[PDB]
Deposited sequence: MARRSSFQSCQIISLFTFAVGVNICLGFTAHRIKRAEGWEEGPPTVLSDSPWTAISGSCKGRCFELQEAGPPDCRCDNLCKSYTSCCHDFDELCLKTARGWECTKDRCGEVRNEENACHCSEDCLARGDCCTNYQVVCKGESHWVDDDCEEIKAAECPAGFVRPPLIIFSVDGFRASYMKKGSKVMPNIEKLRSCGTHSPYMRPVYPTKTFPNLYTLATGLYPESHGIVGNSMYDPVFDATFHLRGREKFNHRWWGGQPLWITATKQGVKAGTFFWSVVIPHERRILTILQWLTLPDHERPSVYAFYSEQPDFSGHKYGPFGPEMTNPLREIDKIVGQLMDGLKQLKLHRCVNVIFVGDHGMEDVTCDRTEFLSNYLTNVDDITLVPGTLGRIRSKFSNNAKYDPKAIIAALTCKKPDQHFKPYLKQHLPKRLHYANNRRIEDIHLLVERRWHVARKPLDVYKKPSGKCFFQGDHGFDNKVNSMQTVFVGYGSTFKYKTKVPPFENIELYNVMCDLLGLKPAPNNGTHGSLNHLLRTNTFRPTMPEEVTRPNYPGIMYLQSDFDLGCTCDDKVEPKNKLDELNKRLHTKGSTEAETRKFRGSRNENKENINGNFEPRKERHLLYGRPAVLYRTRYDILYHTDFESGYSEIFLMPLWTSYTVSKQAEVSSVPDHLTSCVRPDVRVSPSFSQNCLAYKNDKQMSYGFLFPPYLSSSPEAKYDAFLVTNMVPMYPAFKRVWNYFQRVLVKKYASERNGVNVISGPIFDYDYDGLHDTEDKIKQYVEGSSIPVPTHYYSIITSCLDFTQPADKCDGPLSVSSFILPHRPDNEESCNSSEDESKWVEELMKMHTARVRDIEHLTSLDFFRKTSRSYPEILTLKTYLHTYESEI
């Protein structure tokens, strides 16, 4: 019978054009039939059976049933067997390893149930089985990490879609809870019907990837009035559908503990209550799965999207204290700041004046302004038209707003800060057939889970920003095996081919062991030369006229010499490299804005004789004088420091060209600044990979087991306006700037189209785990 919801409640073939709908999203579209809340959302007698309800006569108006025939109809309360058939709650069963998916007949695959909780800070898991018995046993039985790193901004909507796509917000388009698309000339918001339009959403989410490859998904979404218990009973009821109508992947999301976390903060005593109610819902799901004889078949992912931080209104910075006029600008306020012009036609609006008026203007300033290209590359922002040119990175525990008027304490917790902040770290737990038994894994970013979930359903994942294989150690059996990217350009090994008289670069001068993990593979068409020296090895690009990488090893005992005062302006030609593909000092001395540095520092030479190799023209790179304060401190103080703390370090350094701020290696046509009157391109960033042995008892060049690595992508900027303390000695701000721009080896690989750690004696999945490690310093 058409026109009403009986026989169709939460049907997985929902559609507005035909009839009124009865699915779990009819509320959000305001299109439910008149009998939806009467038939599909029954709430009589609650969600728990009792001793007296055992074997009752079927009353169809009850919320859930405790009759005898409910197991066949597939709509018992989740505690039916526990209270009526003497069974035990799943949380009380001992932890028994699942060596193989024990599934009842009919299941092509272990079902995947995604359980998402908003605002579940990683600190919450320290409450134990006293508050959350079901969650802690999922964590101890299955696979878990100390925390999971979200994406920036650490907000629900960008993170929930990132979890479903594996892409950064810059690529899937959901760059914030609120955003303005200038092409649409429209505003995206949390509340409202604008979010329902498909134009805002890029990438390919998990449910679309499953649908396209013949794996039914159903409906991932739940209208907010549908209670959590009804959402669980709906999922369990779907699990009893016939074979070719039963979805394989399911998703539950909960708005707690985000709501209570905002009202009371992450450490409020009121936080205990919602975390009990969340574990109750987890208990209902696992009780129902055991009741369905699926507790040893289903895969369950308990995941969060963002943490929570203590934020009060008394800690809100106001732009009206900084800018002469705030009426000409529109600001996205809160734990992050995005500033654009309020008027289409306003030529009196200039970003350089606003950025300057916001740059180190007050002591104890709790925000920092950035052009989006100058944000730390680990954030992977910028590359989207919905991302404004002016971004304010807000200090943790603080807010920023335009005026005090747009501000009228209502809240005690908030989120959205840098994704490396401790309070923003969230949780991940994997329990089920394919997940490992009682295993802890290192922290990882949520961009990597999309590959795992498709692997759990046999789906080929759409292109994403996870490094497929870096999470292979999460599963019991992996169908996917990573492929080392094959080398595109083979290197040249040039000997001495020229005489020093062949060179007229206008340059003066008054006169294995260093490649520990194999050479980097060049993954694009170019021409470069391998150059061996006593102290360092480098792959010199003949196209960019500078090395793409330079590798050298500093022992724990290595001494730091100094350039003699008569050799400080010494640059020598490389007789192995043609003068046609060499840099020249006349370019640098005629460029009044640019100086030069060295990828291998002459301060770390093993001998004055070998020091002349450091002054080769093939070891030099264009560097602004203000950046040379940062580069020279890193090479002369910090590398020796790192080699002392870590029993030697292997340093791989090189330039990065990303003028279009898309995170990918630029080709020749995208470089927008050269050395004046030259063909020497100006790098936008400089990277370094500092590798040691995880077992510090062994030196870096004699390491047997896993490695310890840390990387940075220092922005090559002509001023130090980013560091407000740059007036003082380099021991008071440089290390802080580098900690801000920490990076994964993976991010350097994207920005240079290179591949590191190819001959390591470790398994490639373990290496893929290393290349995704982010040293957060927190």
Counting from 1 along the deposited sequence, which stretches lack C-alpha positions? 1 to 54, 461, 464 to 468, 572 to 618, 886 to 888
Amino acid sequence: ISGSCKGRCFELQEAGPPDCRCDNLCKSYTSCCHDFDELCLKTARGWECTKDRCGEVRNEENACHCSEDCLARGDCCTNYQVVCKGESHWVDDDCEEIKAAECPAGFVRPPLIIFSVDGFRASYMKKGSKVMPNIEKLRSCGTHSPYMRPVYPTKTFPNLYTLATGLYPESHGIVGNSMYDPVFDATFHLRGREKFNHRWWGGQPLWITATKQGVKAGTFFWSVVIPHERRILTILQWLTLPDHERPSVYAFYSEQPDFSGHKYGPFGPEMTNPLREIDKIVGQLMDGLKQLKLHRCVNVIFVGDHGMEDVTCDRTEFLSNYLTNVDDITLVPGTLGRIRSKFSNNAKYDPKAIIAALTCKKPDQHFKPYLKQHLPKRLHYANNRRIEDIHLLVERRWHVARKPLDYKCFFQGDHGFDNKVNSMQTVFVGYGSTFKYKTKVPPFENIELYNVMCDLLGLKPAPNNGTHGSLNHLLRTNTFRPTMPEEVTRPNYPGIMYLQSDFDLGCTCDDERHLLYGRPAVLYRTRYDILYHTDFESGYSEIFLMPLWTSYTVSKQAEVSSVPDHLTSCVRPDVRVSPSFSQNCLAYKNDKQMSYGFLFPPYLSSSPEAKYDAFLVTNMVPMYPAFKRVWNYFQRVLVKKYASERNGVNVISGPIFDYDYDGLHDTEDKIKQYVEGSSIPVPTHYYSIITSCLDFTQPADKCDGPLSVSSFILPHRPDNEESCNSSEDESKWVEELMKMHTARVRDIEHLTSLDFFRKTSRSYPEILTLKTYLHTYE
From here on, numbers count along this sequence of modelled residues.
Is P564 unresolved, in the sense of carrying no coordinates, in at least a third of the other compared entries? yes
Decide, for the other PDB entries of this protein that were compared, whether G16 is missing from at least a third of their models. yes
Looking at the entry, does 268 to 276 or 461 to 469 show the higher mean C-alpha B-factor? 268 to 276
Higher average CA B factor in the deposited record is what I'm after, so tell me if that's 335 to 343 or 78 to 86. 78 to 86
Quick one: which of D535, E102, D258, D305 has the biggest Cα B-factor according to the entry? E102
Which one of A401, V225, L393, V151 shows the biggest C-alpha B-factor in the PDB entry? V225
Ordered by C-alpha B-factor within the chain, which third holds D669? Give me lowest, middle or highest, please. highest
What third of its chain, lowest, middle or highest, does the C-alpha temperature factor of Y764 fall into? middle
Based on the entry's values, in what third of the chain does the Cα temperature factor of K6 lie: lowest, middle or highest? highest
Lowest, middle or highest third - CA B-factor, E735: lowest
Pull the Cα B-factor of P376 out of the PDB entry and bin it into the chain's lowest, middle or highest third. lowest
